[PDB]
Amino acid sequence: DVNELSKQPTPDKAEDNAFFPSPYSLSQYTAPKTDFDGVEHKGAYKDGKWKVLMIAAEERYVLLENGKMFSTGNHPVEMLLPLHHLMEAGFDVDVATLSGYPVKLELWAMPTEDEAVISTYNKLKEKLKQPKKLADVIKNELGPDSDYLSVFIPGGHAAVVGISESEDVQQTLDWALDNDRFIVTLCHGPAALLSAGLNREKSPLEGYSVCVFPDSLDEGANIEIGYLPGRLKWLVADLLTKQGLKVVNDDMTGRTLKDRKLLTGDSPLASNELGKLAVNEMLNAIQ
Amino acid sequence: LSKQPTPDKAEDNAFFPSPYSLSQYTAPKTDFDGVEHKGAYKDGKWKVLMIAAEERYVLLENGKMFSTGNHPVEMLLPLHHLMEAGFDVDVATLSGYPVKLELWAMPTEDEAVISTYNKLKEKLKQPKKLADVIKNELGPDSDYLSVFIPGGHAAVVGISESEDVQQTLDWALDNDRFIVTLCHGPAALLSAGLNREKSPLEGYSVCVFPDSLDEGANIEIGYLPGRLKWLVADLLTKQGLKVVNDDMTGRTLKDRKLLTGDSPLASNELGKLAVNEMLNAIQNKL
């Protein structure tokens, strides 16, 4: 049956005392298909020059308060679905990690039976297995005349790890702000934003509005169904509020939010509509 | 029995070694048979700085990935010898990420190796960040007498093309400290050539994992699921170093303050070697 499935974290045997999410939690929070009913702007951008820069998770394991480790990565749906909208529209994509190490997907959440998500994933495998070093990106491919229109930070739980305290992410968010480019992020992806307020008395993103994954669900429901095998040592939305950001949501409804050029999503549910929002906004800003 | 690589379900198109290759290359116990200098250094100042791997997957020529890490035998057995002589160990990585081991080679029944793992589990799970160590804990008055780079196939990623590892190897030379590495660990020494016509380790002699074994036998028994994209011995040779072996016999070498071992078989004999050299250096004050 489909609620006799275990609520116990399954162990990941590549690592010591580290665990996948429970078969139950996977039965409620994943699915073979996503809620995607096609693209709005197939072929809209033609000139070829504009593209999206993705910053990505390269570390899979998140050490928790009980000493156990959660075996995560970026959420495939939250990465791959928005990118499908963009790529079909005619925006190319480059993939960077902090170190140039391979990108870590939460593969236990791959919608296996979705033509769009799997075909997009195939088109990105190379750039995923062999990303760019983001410091190499700042050095060359940014500046005022950069062909990056926006910087996309997908979610998953792994987005909490390196991405949250990185001077190279800070420098990238400084660039985006100072050249009116989009920052697109969703889920725990917003933990990236904590890097903007590093070595500083106040953040450049103070008074910005974002959808964030609610603390409640990480501190409460996710632990009780064995999605996470222990408590996180701090919470994305809590520290984002202490940096002077307006965390608009507190529930997981698929709500998206534009605010200046920081377009967000609250959860994995918002993947498809954050994809649609960003394509609209990007094509709008070309005028 | 099977030479077919075993799949790893953490990662797309990734594979552990084949259960046959595990039967030949891995064992529940190591040939450890005693420390040689327990309690020898008592003054508790001098420590050892390990630089470990954060990346466990190695992308290969066929597109498949190899699920590795540092070799627990090569990491832990040498650190046991040095810890029991009285040198504490501080673990660093490049981005501060958790240290990745090849847990399929962890000698489960070996008391000394397991004991050492538990003593470091905390420092292994939250290592220091190598660039912070550079900023704060190096210089001429640093309490690191050696820097230790264990092998495992994951030493090939990151470490081998890292300005932080480069600065670290510069320090050791310019401050007369030891560089102790084994197996595929010497791939770290390729960083000394980074952005330089000439490497400061030009001319040094080292033991490395033979090219022959990674190209032929490791592929045939399904240790590796595909061919490595470059070879550590070949690239090292090109930087002007002198690769002194072409086989795995457990050999070791000491060229000045650079101590190398050729394989996981040298783990014990090298640990022995590193403790003697370090104690001998301390005696060379008066």
# chains A, B, ... in the order shown; residues from 1 in each chain; ligands from 1

$ interface_residues --of "chain A" --to "chain B" --cutoff "7 Å" --atoms "only C-alpha atoms" --output "PyMOL selection string"
chain A and resi 14-15+101+107

$ select_by_dssp --residues "range 34-272 of chain B" --states "helix (DSSP H, G or I)" --output "compact mmCIF listing (two decimals) with N, CA, C and O atoms, in the first residue's frame"
# COMPACT_ATOMS: atom_id res chain seq x y z
N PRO B 72 40.79 5.07 2.81
CA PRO B 72 40.85 5.15 4.27
C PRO B 72 42.12 4.58 4.85
O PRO B 72 42.61 5.09 5.87
N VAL B 73 42.64 3.51 4.23
CA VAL B 73 43.91 2.92 4.64
C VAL B 73 45.03 3.96 4.53
O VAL B 73 45.71 4.23 5.52
N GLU B 74 45.18 4.55 3.35
CA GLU B 74 46.19 5.59 3.11
C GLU B 74 46.04 6.85 3.92
O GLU B 74 47.02 7.53 4.18
N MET B 75 44.81 7.22 4.23
CA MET B 75 44.59 8.34 5.11
C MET B 75 44.92 7.96 6.54
O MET B 75 45.81 8.56 7.15
N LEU B 76 44.21 6.96 7.06
CA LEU B 76 44.14 6.75 8.53
C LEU B 76 45.36 6.04 9.14
O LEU B 76 45.82 6.42 10.23
N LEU B 77 45.90 5.06 8.44
CA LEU B 77 47.03 4.31 8.96
C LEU B 77 48.25 5.19 9.19
O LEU B 77 48.78 5.16 10.28
N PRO B 78 48.68 6.01 8.20
CA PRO B 78 49.74 6.96 8.52
C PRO B 78 49.40 7.91 9.65
O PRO B 78 50.26 8.13 10.48
N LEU B 79 48.19 8.45 9.70
CA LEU B 79 47.80 9.34 10.83
C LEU B 79 47.79 8.63 12.22
O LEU B 79 47.99 9.28 13.25
N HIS B 80 47.58 7.33 12.26
CA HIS B 80 47.68 6.61 13.53
C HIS B 80 49.11 6.69 14.08
O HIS B 80 49.30 7.06 15.23
N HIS B 81 50.09 6.36 13.25
CA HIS B 81 51.51 6.41 13.64
C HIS B 81 51.88 7.78 14.20
O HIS B 81 52.48 7.86 15.24
N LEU B 82 51.52 8.83 13.49
CA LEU B 82 51.86 10.21 13.88
C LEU B 82 51.09 10.70 15.09
O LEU B 82 51.59 11.54 15.81
N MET B 83 49.86 10.21 15.27
CA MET B 83 49.04 10.62 16.42
C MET B 83 49.57 10.00 17.69
O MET B 83 49.76 10.72 18.67
N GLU B 84 49.88 8.71 17.64
CA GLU B 84 50.51 8.01 18.77
C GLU B 84 51.93 8.47 19.09
O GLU B 84 52.37 8.25 20.20
N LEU B 103 34.46 4.61 1.24
CA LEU B 103 34.09 3.77 2.40
C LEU B 103 34.04 2.27 2.09
O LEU B 103 34.07 1.45 3.00
N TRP B 104 33.98 1.92 0.80
CA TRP B 104 34.13 0.53 0.33
C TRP B 104 35.52 -0.10 0.56
O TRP B 104 35.65 -1.29 0.37
N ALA B 105 36.53 0.67 0.95
CA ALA B 105 37.87 0.16 1.25
C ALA B 105 38.23 0.26 2.74
O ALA B 105 39.39 -0.01 3.15
N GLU B 111 41.29 -2.63 14.23
CA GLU B 111 41.22 -1.80 15.45
C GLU B 111 41.86 -0.42 15.38
O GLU B 111 41.26 0.54 15.83
N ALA B 112 43.06 -0.33 14.81
CA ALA B 112 43.86 0.91 14.81
C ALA B 112 43.32 1.93 13.81
O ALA B 112 43.20 3.12 14.13
N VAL B 113 43.01 1.46 12.60
CA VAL B 113 42.41 2.29 11.56
C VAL B 113 41.05 2.83 11.97
O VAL B 113 40.86 4.04 11.88
N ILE B 114 40.15 1.98 12.46
CA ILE B 114 38.82 2.42 12.99
C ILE B 114 38.93 3.38 14.21
O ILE B 114 38.21 4.37 14.32
N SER B 115 39.83 3.06 15.13
CA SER B 115 40.08 3.91 16.29
C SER B 115 40.39 5.31 15.76
O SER B 115 39.76 6.27 16.19
N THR B 116 41.32 5.41 14.80
CA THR B 116 41.76 6.70 14.25
C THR B 116 40.62 7.46 13.56
O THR B 116 40.50 8.66 13.73
N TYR B 117 39.80 6.76 12.79
CA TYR B 117 38.61 7.34 12.15
C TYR B 117 37.70 8.04 13.16
O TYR B 117 37.36 9.20 12.99
N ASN B 118 37.34 7.34 14.24
CA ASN B 118 36.46 7.90 15.28
C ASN B 118 37.05 9.15 15.96
O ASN B 118 36.35 10.13 16.18
N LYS B 119 38.35 9.13 16.26
CA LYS B 119 39.03 10.29 16.83
C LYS B 119 38.97 11.53 15.94
O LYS B 119 39.10 12.65 16.44
N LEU B 120 38.80 11.34 14.62
CA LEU B 120 38.75 12.42 13.64
C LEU B 120 37.39 12.66 13.00
O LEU B 120 37.25 13.58 12.21
N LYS B 121 36.39 11.84 13.31
CA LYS B 121 35.09 11.94 12.65
C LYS B 121 34.56 13.37 12.68
O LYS B 121 34.12 13.88 11.65
N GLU B 122 34.65 14.03 13.83
CA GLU B 122 34.25 15.44 13.92
C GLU B 122 35.08 16.34 12.97
O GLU B 122 34.50 17.05 12.13
N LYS B 123 36.41 16.31 13.07
CA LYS B 123 37.27 17.11 12.18
C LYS B 123 37.15 16.73 10.70
O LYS B 123 37.38 17.55 9.83
N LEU B 124 36.79 15.48 10.43
CA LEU B 124 36.49 15.02 9.08
C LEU B 124 35.16 15.56 8.53
O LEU B 124 35.05 15.80 7.33
N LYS B 125 34.16 15.69 9.40
CA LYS B 125 32.81 16.12 8.97
C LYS B 125 32.65 17.64 8.88
O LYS B 125 31.87 18.09 8.04
N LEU B 130 40.82 25.50 3.55
CA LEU B 130 42.26 25.66 3.32
C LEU B 130 42.71 27.11 3.21
O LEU B 130 43.74 27.45 3.75
N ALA B 131 41.94 27.98 2.55
CA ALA B 131 42.33 29.40 2.44
C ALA B 131 42.34 30.16 3.78
O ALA B 131 43.10 31.12 3.92
N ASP B 132 41.50 29.75 4.74
CA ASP B 132 41.53 30.33 6.09
C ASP B 132 42.80 29.93 6.83
O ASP B 132 43.41 30.74 7.52
N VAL B 133 43.16 28.66 6.68
CA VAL B 133 44.41 28.12 7.20
C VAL B 133 45.60 28.90 6.62
O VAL B 133 46.55 29.19 7.34
N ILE B 134 45.54 29.22 5.33
CA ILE B 134 46.59 30.02 4.69
C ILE B 134 46.66 31.42 5.31
O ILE B 134 47.72 31.86 5.73
N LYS B 135 45.51 32.08 5.39
CA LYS B 135 45.42 33.43 5.96
C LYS B 135 45.92 33.54 7.40
O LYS B 135 46.51 34.55 7.77
N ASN B 136 45.66 32.51 8.20
CA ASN B 136 45.77 32.59 9.67
C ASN B 136 46.85 31.70 10.28
O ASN B 136 47.61 32.15 11.13
N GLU B 137 46.94 30.45 9.84
CA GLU B 137 47.72 29.44 10.53
C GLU B 137 49.00 28.98 9.83
O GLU B 137 49.57 28.01 10.28
N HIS B 153 41.58 7.93 -5.63
CA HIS B 153 41.39 8.53 -6.95
C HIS B 153 40.80 9.95 -6.93
O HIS B 153 40.95 10.68 -7.90
N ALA B 154 40.12 10.35 -5.86
CA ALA B 154 39.51 11.69 -5.77
C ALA B 154 40.49 12.82 -5.49
O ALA B 154 40.12 13.99 -5.56
N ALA B 155 41.72 12.48 -5.14
CA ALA B 155 42.82 13.46 -5.10
C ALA B 155 43.06 14.16 -6.47
O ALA B 155 43.52 15.30 -6.49
N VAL B 156 42.76 13.46 -7.57
CA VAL B 156 42.76 14.00 -8.94
C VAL B 156 41.85 15.22 -9.18
O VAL B 156 42.18 16.08 -10.00
N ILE B 159 42.10 19.53 -5.90
CA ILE B 159 43.48 19.59 -5.36
C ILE B 159 44.59 19.76 -6.42
O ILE B 159 45.55 20.48 -6.21
N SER B 160 44.46 19.06 -7.55
CA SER B 160 45.48 19.06 -8.60
C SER B 160 45.59 20.36 -9.43
O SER B 160 46.52 20.46 -10.24
N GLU B 161 44.68 21.31 -9.24
CA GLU B 161 44.65 22.57 -10.02
C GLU B 161 44.16 23.73 -9.15
O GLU B 161 43.30 24.51 -9.55
N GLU B 163 45.12 26.95 -6.58
CA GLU B 163 46.01 28.02 -6.08
C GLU B 163 46.22 27.98 -4.56
O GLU B 163 47.29 28.35 -4.09
N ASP B 164 45.23 27.51 -3.80
CA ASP B 164 45.39 27.36 -2.35
C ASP B 164 46.34 26.23 -1.99
O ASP B 164 47.26 26.43 -1.21
N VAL B 165 46.17 25.07 -2.62
CA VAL B 165 47.15 23.99 -2.49
C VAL B 165 48.53 24.44 -2.98
O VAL B 165 49.54 24.00 -2.44
N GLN B 166 48.58 25.32 -3.98
CA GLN B 166 49.84 25.83 -4.49
C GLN B 166 50.56 26.67 -3.44
O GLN B 166 51.74 26.44 -3.16
N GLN B 167 49.85 27.65 -2.88
CA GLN B 167 50.40 28.46 -1.80
C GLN B 167 50.86 27.56 -0.66
O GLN B 167 51.91 27.80 -0.07
N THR B 168 50.07 26.52 -0.35
CA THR B 168 50.45 25.62 0.74
C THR B 168 51.75 24.90 0.44
O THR B 168 52.60 24.83 1.30
N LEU B 169 51.93 24.38 -0.78
CA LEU B 169 53.20 23.73 -1.11
C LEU B 169 54.36 24.73 -1.15
O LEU B 169 55.49 24.34 -0.87
N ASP B 170 54.10 26.00 -1.50
CA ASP B 170 55.16 27.04 -1.52
C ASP B 170 55.69 27.25 -0.14
O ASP B 170 56.89 27.25 0.04
N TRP B 171 54.78 27.43 0.82
CA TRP B 171 55.08 27.59 2.26
C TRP B 171 56.01 26.53 2.81
O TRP B 171 57.03 26.86 3.44
N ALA B 172 55.64 25.27 2.59
CA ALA B 172 56.41 24.10 3.05
C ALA B 172 57.84 24.13 2.57
O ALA B 172 58.74 23.89 3.36
N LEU B 173 58.05 24.44 1.30
CA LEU B 173 59.41 24.62 0.75
C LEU B 173 60.12 25.79 1.44
O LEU B 173 61.12 25.62 2.14
N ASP B 174 59.53 26.97 1.30
CA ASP B 174 60.09 28.21 1.81
C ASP B 174 60.22 28.21 3.35
O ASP B 174 60.93 29.06 3.88
N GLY B 185 47.71 10.83 -4.55
CA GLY B 185 47.90 12.06 -3.77
C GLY B 185 48.87 13.03 -4.40
O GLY B 185 48.63 14.24 -4.43
N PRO B 186 49.97 12.50 -4.94
CA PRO B 186 50.93 13.33 -5.63
C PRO B 186 50.36 14.21 -6.73
O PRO B 186 51.02 15.18 -7.14
N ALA B 187 49.15 13.91 -7.22
CA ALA B 187 48.47 14.82 -8.14
C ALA B 187 48.36 16.23 -7.59
O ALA B 187 48.29 17.19 -8.37
N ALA B 188 48.33 16.36 -6.26
CA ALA B 188 48.46 17.65 -5.55
C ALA B 188 49.71 18.44 -5.92
O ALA B 188 49.67 19.65 -5.95
N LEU B 189 50.80 17.75 -6.18
CA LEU B 189 52.07 18.39 -6.51
C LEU B 189 52.05 19.09 -7.89
O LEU B 189 52.88 19.99 -8.16
N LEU B 190 51.11 18.66 -8.76
CA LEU B 190 50.82 19.37 -10.02
C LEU B 190 50.36 20.84 -9.84
O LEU B 190 50.54 21.66 -10.74
N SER B 191 49.76 21.15 -8.70
CA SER B 191 49.41 22.52 -8.38
C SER B 191 50.61 23.46 -8.27
O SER B 191 50.50 24.65 -8.61
N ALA B 192 51.76 22.97 -7.83
CA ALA B 192 52.95 23.82 -7.78
C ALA B 192 53.35 24.37 -9.15
O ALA B 192 53.94 25.42 -9.20
N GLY B 193 53.04 23.67 -10.24
CA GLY B 193 53.26 24.22 -11.59
C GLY B 193 52.23 25.24 -12.11
O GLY B 193 52.41 25.81 -13.19
N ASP B 211 50.88 4.29 -14.25
CA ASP B 211 49.96 4.46 -15.39
C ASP B 211 49.41 3.11 -15.91
O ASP B 211 48.22 2.99 -16.18
N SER B 212 50.30 2.12 -16.04
CA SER B 212 49.95 0.77 -16.46
C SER B 212 48.73 0.19 -15.74
O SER B 212 47.85 -0.38 -16.40
N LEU B 213 48.69 0.34 -14.41
CA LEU B 213 47.61 -0.24 -13.59
C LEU B 213 46.26 0.46 -13.74
O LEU B 213 45.25 -0.21 -13.79
N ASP B 214 46.25 1.79 -13.81
CA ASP B 214 45.00 2.55 -14.09
C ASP B 214 44.49 2.39 -15.55
O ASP B 214 43.27 2.50 -15.79
N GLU B 215 45.40 2.18 -16.51
CA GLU B 215 45.02 2.04 -17.92
C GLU B 215 44.60 0.61 -18.27
O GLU B 215 43.66 0.45 -19.06
N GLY B 216 45.26 -0.40 -17.68
CA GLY B 216 45.00 -1.82 -17.96
C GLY B 216 44.21 -2.60 -16.92
O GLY B 216 43.00 -2.77 -17.05
N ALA B 217 44.89 -3.09 -15.88
CA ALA B 217 44.29 -4.00 -14.87
C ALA B 217 43.08 -3.45 -14.08
O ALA B 217 42.14 -4.20 -13.82
N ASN B 218 43.11 -2.17 -13.69
CA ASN B 218 41.98 -1.54 -12.98
C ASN B 218 40.72 -1.48 -13.85
O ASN B 218 39.59 -1.55 -13.32
N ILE B 219 40.90 -1.34 -15.16
CA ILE B 219 39.77 -1.36 -16.09
C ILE B 219 39.26 -2.78 -16.30
O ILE B 219 38.07 -3.01 -16.21
N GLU B 220 40.16 -3.74 -16.53
CA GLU B 220 39.78 -5.14 -16.79
C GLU B 220 38.98 -5.84 -15.68
O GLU B 220 38.11 -6.63 -15.99
N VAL B 232 48.15 10.56 -13.77
CA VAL B 232 48.88 11.35 -12.78
C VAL B 232 50.39 11.26 -13.02
O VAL B 232 51.05 12.30 -13.00
N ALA B 233 50.93 10.06 -13.26
CA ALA B 233 52.37 9.89 -13.44
C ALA B 233 52.89 10.63 -14.67
O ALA B 233 54.00 11.21 -14.63
N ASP B 234 52.09 10.57 -15.74
CA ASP B 234 52.43 11.19 -17.02
C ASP B 234 52.44 12.71 -16.89
O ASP B 234 53.41 13.36 -17.26
N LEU B 235 51.37 13.27 -16.33
CA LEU B 235 51.33 14.72 -16.07
C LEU B 235 52.45 15.22 -15.11
O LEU B 235 53.02 16.28 -15.33
N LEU B 236 52.74 14.45 -14.06
CA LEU B 236 53.82 14.78 -13.14
C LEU B 236 55.16 14.80 -13.85
O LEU B 236 55.97 15.70 -13.64
N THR B 237 55.39 13.79 -14.68
CA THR B 237 56.63 13.66 -15.45
C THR B 237 56.83 14.89 -16.33
O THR B 237 57.88 15.53 -16.26
N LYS B 238 55.81 15.26 -17.10
CA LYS B 238 55.76 16.55 -17.84
C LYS B 238 56.07 17.84 -17.04
O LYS B 238 56.59 18.77 -17.62
N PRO B 264 48.45 2.00 -1.91
CA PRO B 264 47.93 1.71 -0.56
C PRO B 264 48.78 0.72 0.26
O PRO B 264 48.75 0.80 1.49
N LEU B 265 49.55 -0.16 -0.40
CA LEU B 265 50.49 -1.07 0.31
C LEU B 265 51.59 -0.33 1.13
O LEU B 265 52.01 -0.80 2.18
N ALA B 266 52.02 0.84 0.67
CA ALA B 266 53.00 1.66 1.40
C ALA B 266 52.47 2.43 2.60
O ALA B 266 53.25 3.09 3.24
N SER B 267 51.17 2.35 2.91
CA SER B 267 50.57 3.18 3.98
C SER B 267 51.28 3.05 5.30
O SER B 267 51.61 4.04 5.94
N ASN B 268 51.53 1.81 5.70
CA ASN B 268 52.14 1.56 6.98
C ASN B 268 53.61 1.94 6.96
O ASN B 268 54.10 2.61 7.88
N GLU B 269 54.31 1.54 5.90
CA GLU B 269 55.75 1.72 5.85
C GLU B 269 56.13 3.20 5.78
O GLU B 269 57.17 3.62 6.28
N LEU B 270 55.23 3.98 5.19
CA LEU B 270 55.36 5.42 5.05
C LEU B 270 55.06 6.15 6.33
O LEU B 270 55.74 7.14 6.66
N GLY B 271 53.99 5.73 7.01
CA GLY B 271 53.66 6.29 8.33
C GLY B 271 54.87 6.16 9.25
O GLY B 271 55.28 7.12 9.89
N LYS B 272 55.46 4.98 9.25
CA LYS B 272 56.73 4.74 9.91
C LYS B 272 57.77 5.75 9.46
O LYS B 272 58.41 6.39 10.29

$ closest_residue --among "A:116, A:278, A:221, A:161" --to "residue 64 in chain A" --atoms "only C-alpha atoms"
A:161

$ closest_residue --among "B:40, B:52, B:273, B:248" --to "residue 152 in chain B" --atoms "only C-alpha atoms"
B:52

$ atom_distance --atom1 "CA of residue 106 in chain B" --atom2 "CA of residue 206 in chain B"
25.6 Å

$ select_by_dssp --residues "range 22-265 of chain A" --states "strand (DSSP E)" --output "ChimeraX atom specification"
/A:51-55,61-63,69-71,92-97,132-133,148-153,182-186,209-210,246-247,256-257,262-265

$ residues_around --residues "range 186-199 of chain A" --least-positions-apart "2" --cutoff "9 Å" --atoms "only C-alpha atoms" --output "MDAnalysis selection string"
chainID A and resid 74:75 78 153:174 184 201:205 210:214 236:237 239:240 243 256 263:268 270:271 274

$ write_last_selection --atoms "N, CA and C atoms" --output "short mmCIF file (atom, residue, chain, number, x, y, z; two decimals), in the first residue's frame"
data_model
loop_
_atom_site.label_atom_id
_atom_site.label_comp_id
_atom_site.auth_asym_id
_atom_site.auth_seq_id
_atom_site.Cartn_x
_atom_site.Cartn_y
_atom_site.Cartn_z
N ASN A 74 20.57 19.97 -5.48
CA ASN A 74 19.53 20.85 -6.01
C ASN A 74 18.30 20.02 -6.37
N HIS A 75 17.10 20.60 -6.28
CA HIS A 75 15.87 19.91 -6.67
C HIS A 75 15.78 19.91 -8.21
N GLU A 78 12.90 22.13 -9.69
CA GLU A 78 13.16 23.56 -9.50
C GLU A 78 14.30 24.11 -10.35
N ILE A 153 19.49 30.78 -9.33
CA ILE A 153 19.92 29.91 -8.23
C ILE A 153 18.76 28.97 -7.90
N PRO A 154 18.82 27.70 -8.36
CA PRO A 154 17.75 26.79 -7.96
C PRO A 154 17.81 26.37 -6.47
N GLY A 155 16.76 25.66 -6.07
CA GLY A 155 16.56 25.25 -4.69
C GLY A 155 17.23 23.92 -4.38
N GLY A 156 16.44 22.97 -3.88
CA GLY A 156 16.97 21.86 -3.11
C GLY A 156 17.55 22.30 -1.77
N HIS A 157 17.76 21.33 -0.89
CA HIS A 157 18.33 21.61 0.41
C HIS A 157 19.84 21.91 0.34
N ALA A 158 20.53 21.40 -0.68
CA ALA A 158 21.99 21.60 -0.76
C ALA A 158 22.39 23.06 -0.94
N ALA A 159 21.52 23.86 -1.57
CA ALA A 159 21.68 25.32 -1.70
C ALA A 159 22.02 26.10 -0.42
N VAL A 160 21.65 25.55 0.74
CA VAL A 160 22.07 26.03 2.08
C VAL A 160 23.59 26.02 2.34
N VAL A 161 24.35 25.10 1.71
CA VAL A 161 25.70 24.75 2.19
C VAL A 161 26.79 25.80 1.85
N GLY A 162 27.32 25.79 0.62
CA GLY A 162 28.44 26.68 0.28
C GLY A 162 27.95 28.06 -0.15
N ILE A 163 27.02 28.00 -1.09
CA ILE A 163 26.29 29.13 -1.63
C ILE A 163 25.88 30.22 -0.62
N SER A 164 25.59 29.88 0.64
CA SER A 164 25.16 30.87 1.66
C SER A 164 26.23 31.76 2.30
N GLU A 165 27.52 31.42 2.14
CA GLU A 165 28.62 32.17 2.80
C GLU A 165 29.83 32.37 1.87
N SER A 166 29.53 32.67 0.61
CA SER A 166 30.50 32.71 -0.48
C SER A 166 30.74 34.13 -0.96
N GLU A 167 32.01 34.54 -1.03
CA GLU A 167 32.37 35.88 -1.48
C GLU A 167 32.20 35.99 -3.00
N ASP A 168 32.30 34.87 -3.71
CA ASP A 168 32.09 34.85 -5.16
C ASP A 168 30.61 34.93 -5.55
N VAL A 169 29.72 34.40 -4.72
CA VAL A 169 28.27 34.66 -4.84
C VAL A 169 27.94 36.13 -4.52
N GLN A 170 28.44 36.64 -3.39
CA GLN A 170 28.33 38.07 -3.04
C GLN A 170 28.70 38.97 -4.23
N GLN A 171 29.90 38.78 -4.78
CA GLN A 171 30.35 39.53 -5.96
C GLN A 171 29.41 39.40 -7.17
N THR A 172 28.80 38.24 -7.34
CA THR A 172 27.83 38.01 -8.41
C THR A 172 26.51 38.74 -8.15
N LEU A 173 26.03 38.73 -6.90
CA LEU A 173 24.82 39.49 -6.52
C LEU A 173 25.03 41.02 -6.52
N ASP A 174 26.25 41.46 -6.19
CA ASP A 174 26.65 42.87 -6.37
C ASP A 174 26.58 43.28 -7.83
N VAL A 184 17.02 35.13 -10.08
CA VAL A 184 15.87 34.24 -10.06
C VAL A 184 16.18 33.10 -9.11
N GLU A 201 27.82 45.45 7.80
CA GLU A 201 26.91 45.81 8.88
C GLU A 201 25.47 45.80 8.39
N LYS A 202 25.24 46.03 7.09
CA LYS A 202 23.89 45.88 6.50
C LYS A 202 23.92 45.40 5.04
N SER A 203 22.93 44.57 4.69
CA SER A 203 22.84 43.92 3.38
C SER A 203 22.36 44.85 2.27
N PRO A 204 22.88 44.70 1.04
CA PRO A 204 22.31 45.43 -0.10
C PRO A 204 20.94 44.97 -0.55
N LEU A 205 20.41 43.90 0.04
CA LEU A 205 19.07 43.42 -0.29
C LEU A 205 18.03 43.72 0.80
N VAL A 210 10.66 38.39 -0.80
CA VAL A 210 10.93 37.06 -1.36
C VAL A 210 10.02 35.99 -0.81
N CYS A 211 9.66 35.03 -1.67
CA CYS A 211 9.11 33.75 -1.23
C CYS A 211 10.26 32.83 -0.84
N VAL A 212 10.13 32.23 0.34
CA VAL A 212 11.13 31.34 0.91
C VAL A 212 10.43 30.08 1.41
N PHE A 213 11.14 28.96 1.46
CA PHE A 213 10.58 27.74 2.07
C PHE A 213 10.37 27.98 3.57
N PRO A 214 9.13 27.73 4.07
CA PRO A 214 8.82 28.10 5.46
C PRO A 214 9.60 27.29 6.47
N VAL A 236 16.73 29.05 6.85
CA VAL A 236 16.98 30.06 5.80
C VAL A 236 16.16 31.32 6.08
N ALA A 237 14.85 31.17 6.25
CA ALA A 237 13.97 32.34 6.38
C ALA A 237 14.22 33.14 7.65
N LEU A 239 17.20 33.66 9.31
CA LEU A 239 18.38 34.51 9.08
C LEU A 239 18.19 35.54 7.94
N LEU A 240 17.39 35.21 6.93
CA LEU A 240 16.98 36.17 5.90
C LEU A 240 16.19 37.36 6.42
N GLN A 243 18.47 39.74 8.29
CA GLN A 243 19.23 40.56 7.34
C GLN A 243 18.39 41.69 6.73
N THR A 256 4.53 32.58 -6.38
CA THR A 256 5.66 33.33 -6.94
C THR A 256 5.55 34.82 -6.59
N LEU A 263 12.93 37.81 -8.67
CA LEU A 263 11.76 36.95 -8.88
C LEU A 263 11.95 35.65 -8.06
N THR A 264 11.01 35.31 -7.18
CA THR A 264 11.14 34.12 -6.30
C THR A 264 9.98 33.13 -6.37
N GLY A 265 10.20 31.95 -5.78
CA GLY A 265 9.18 30.92 -5.58
C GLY A 265 9.30 30.33 -4.18
N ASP A 266 8.17 29.95 -3.59
CA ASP A 266 8.13 29.46 -2.19
C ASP A 266 8.50 27.98 -2.00
N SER A 267 8.51 27.21 -3.08
CA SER A 267 8.52 25.78 -2.94
C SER A 267 8.73 25.13 -4.28
N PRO A 268 8.90 23.78 -4.30
CA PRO A 268 8.88 23.02 -5.57
C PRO A 268 7.62 23.18 -6.43
N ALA A 270 6.04 25.90 -7.17
CA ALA A 270 6.14 27.14 -7.97
C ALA A 270 7.07 27.07 -9.18
N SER A 271 7.67 25.91 -9.41
CA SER A 271 8.63 25.71 -10.48
C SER A 271 8.12 26.16 -11.83
N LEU A 274 7.19 30.10 -11.87
CA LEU A 274 8.41 30.92 -11.80
C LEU A 274 9.13 30.88 -13.13
#

$ residues_around --residues "residue 49 in chain A" --least-positions-apart "3" --cutoff "9 Å" --atoms "only C-alpha atoms" --output "list in words"
residues 46, 91, 92, 147 and 148 of chain A

$ closest_residue --among "B:35, B:208, B:180, B:91" --to "residue 145 in chain B" --atoms "only C-alpha atoms"
B:180

$ atom_distance --atom1 "CA of residue 93 in chain B" --atom2 "CA of residue 66 in chain B"
20.2 Å

$ decode --residues "range 100-104 of chain A" --atoms "N, CA and C atoms" --output "short mmCIF file (atom, residue, chain, number, x, y, z; two decimals), in the first residue's frame"
data_model
loop_
_atom_site.label_atom_id
_atom_site.label_comp_id
_atom_site.auth_asym_id
_atom_site.auth_seq_id
_atom_site.Cartn_x
_atom_site.Cartn_y
_atom_site.Cartn_z
N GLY A 100 33.96 24.32 -9.51
CA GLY A 100 34.09 23.63 -10.79
C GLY A 100 33.83 22.14 -10.70
N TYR A 101 33.57 21.65 -9.47
CA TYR A 101 33.12 20.28 -9.19
C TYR A 101 31.78 19.98 -9.85
N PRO A 102 31.43 18.70 -10.03
CA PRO A 102 30.14 18.38 -10.66
C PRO A 102 28.89 18.74 -9.82
N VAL A 103 27.83 19.17 -10.51
CA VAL A 103 26.58 19.59 -9.87
C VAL A 103 25.89 18.39 -9.27
N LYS A 104 25.36 18.55 -8.05
CA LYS A 104 24.67 17.49 -7.31
C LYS A 104 23.15 17.67 -7.33
#
